[PDB]
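Notes follow the structure.
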Amino acid sequence: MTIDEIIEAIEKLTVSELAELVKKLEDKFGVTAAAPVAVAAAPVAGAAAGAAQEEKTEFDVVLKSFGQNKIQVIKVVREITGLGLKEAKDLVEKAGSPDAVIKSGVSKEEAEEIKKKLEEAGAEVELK
Amino acid sequence: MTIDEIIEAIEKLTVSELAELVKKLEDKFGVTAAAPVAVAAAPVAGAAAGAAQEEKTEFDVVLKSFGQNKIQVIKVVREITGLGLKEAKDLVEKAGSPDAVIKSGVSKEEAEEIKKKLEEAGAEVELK
Amino acid sequence: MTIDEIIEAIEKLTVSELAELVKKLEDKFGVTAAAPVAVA
Amino acid sequence: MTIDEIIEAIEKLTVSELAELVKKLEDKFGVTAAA
């Protein structure tokens, strides 16, 4: 293909497809030789990830309030993300804010499986 | 968080979260400084990509047959993918093959929508 | 798979063209060498 | 968000440790660099 067509094609890639393309490159060419495309494609993948949320190909789980039970809301979050007290806590303390996203790029199933659980620890959980 | 804590945390992110994280790192710290995390995260997201697929979250469109008009199917494939003419032909002539995947990492209705378009060109296609 | 067609098209590019690929991709997503503002 | 939370963590790992995190990640999924 032409440079332009490789770009158009790349720009039509799914975030997952992009990820796998770059992974395959690092496998094929080595991380050094493939890094150029890795860094150049990332913004393209991120853009797309952001488009998916923007549409409904994927959803996020936003904390709207930790409420009376904050120590547990946190305990849960860490079980879900792998974060740490400070981190998980800094995040949880953002409840009610847009930043308060505890997960994203997920299907609308897990959206509930995680949301519910977050409510199971007494927490306000809105999906988007 | 400890390095392992972070690696754990990273291996729990979705393909999109990894996408958006690397992108954010590039915009904030430049590609130079961001490149290490970019090429280290790629395989993580590639794994996520696979996981997604293998779990019917995110689906693909496989060409079982290019039908009665291979040319019409190549035209559509090229429309869907932005792929050049020879690469489109190459990919279409793999119809029947497991890796004759026209697209992946896509939603269900989107996988259907694509499937339908290929079918309208006379191709046999399966979703997974 | 499609990505393979692209990976095969990238593999065939000369190094300068790959540099053109990267340039076009980077110019488009406003990527920069170096943190735009001080992360001091 | 969680990724921000993860970026803030990576952002304070000293040049080593990050080099560490990198190699660990690369080893887990097929350390290339050269391939």
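Protein chains in written order, with my numbering: chain L, 1 to 128; chain B, 129 to 256; chain F, 257 to 296; chain D, 297 to 331. Ideal Cβ positions, reconstructed from N, Cα and C, are used throughout, including at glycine.
| Check | Outcome |
| --- | --- |
| Can you list, in chain order, the residues of its chain with a C-beta nearer than 8 Å to that of residue 105(L)? Leave out the 5 residues immediately preceding and following it. | 15, 49, 52, 53, 58, 60 |
| Any C-beta of chain B within less than 7 Å: which residues of the segment 268–279 of chain F qualify? | none |
| What would DSSP say about residue 83(L), mapped onto helix, strand or coil? | coil |
| How would you list, in chain order, the residues of chain D whose beta-carbon sits under 8 Å from the beta-carbon of residue 148(B)? | 299 |
| Among the candidates 252(B), 133(B), 139(B), whose CA atom is the shortest distance from the CA of residue 313(D)? | 133(B) |
| Rounded to the nearest angstrom, how far is the Cβ of residue 258(F) from that of residue 230(B), given a contact under 8 Å? | 6 Å |
| Residue 16(L) lies in the alpha helix (DSSP H); which residues open and close that run? | 15–29 |
| Output, in chain order, the set of chain D residues within a Cβ distance shorter than 8 Å of residue 168(B). | 317, 318, 321, 322 |
| Is residue 227(B) helix, strand or coil when you go by DSSP? | coil |
| To the nearest angstrom, report how far apart residue 138(B) and residue 196(B) are at their CA atoms. | 47 Å |
| Alpha carbon to alpha carbon, how far is residue 170(B) from residue 145(B)? Give it in angstroms, no decimals. | 12 Å |
| Please work out which residues of its chain come closer than 7 Å, Cβ to Cβ, to residue 126(L), disregarding the five sequence neighbours upstream and downstream, and give them in chain order. | 62, 64 |
| Short of 6 Å in beta carbon distance, which residues of its chain neighbour residue 153(B), apart from the five on each side in sequence? Order them along the chain. | 162, 165 |
| Tell me whether residue 55(L) sits in a helix, a strand or coil according to DSSP, three-state version. | helix |
| Say yes only if the C-beta of residue 126(L) is nearer than 7 Å to one or more non-hydrogen atoms of the ligand FMN, and no if none qualify. | The ligand FMN is absent from the structure shown, which contains no ligands of any kind. |
| For residue 309(D), which three-state DSSP category applies? | coil |
| With a cut-off of 8 Å, does the C-beta of residue 35(L) fall near any C-beta of chain B? | yes |
| Between the C-alpha atoms of residue 116(L) and residue 73(L), what's the straight-line distance to the nearest angstrom? | 11 Å |
| Kindly list, in the order they appear in chain F, the residues whose Cβ is closer than 9 Å to that of residue 219(B). | 257, 258, 260, 261 |
| Closer than 8 Å by C-beta to residue 120(L): which residues in its own chain qualify, once you throw out the five before and the five after it? Chain order, please. | 76 |
| Taking the alpha carbon of residue 27(L) as the point to measure from, which residue in 308(D), 323(D), 331(D) has its own alpha carbon closest? | 331(D) |
| Among 79(L), 112(L), 2(L), 13(L), which has the Cα closest to the Cα of residue 208(B)? | 13(L) |
| Taking the straight line between their C-alpha atoms, what separation do you get for residue 237(B) and residue 56(L)? | 11 Å |
| Which of helix, strand or coil does DSSP assign to residue 217(B)? | helix |
| Could you tell me the boundaries of the beta strand (DSSP E) in which residue 139(B) lies? | Taken as a continuous stretch (DSSP letters only), residue 139(B) belongs to no beta strand (DSSP E), as it is neither H nor E. |
| So, does the CB of residue 293(F) fall closer than 8 Å to a CB anywhere in chain L? | no |
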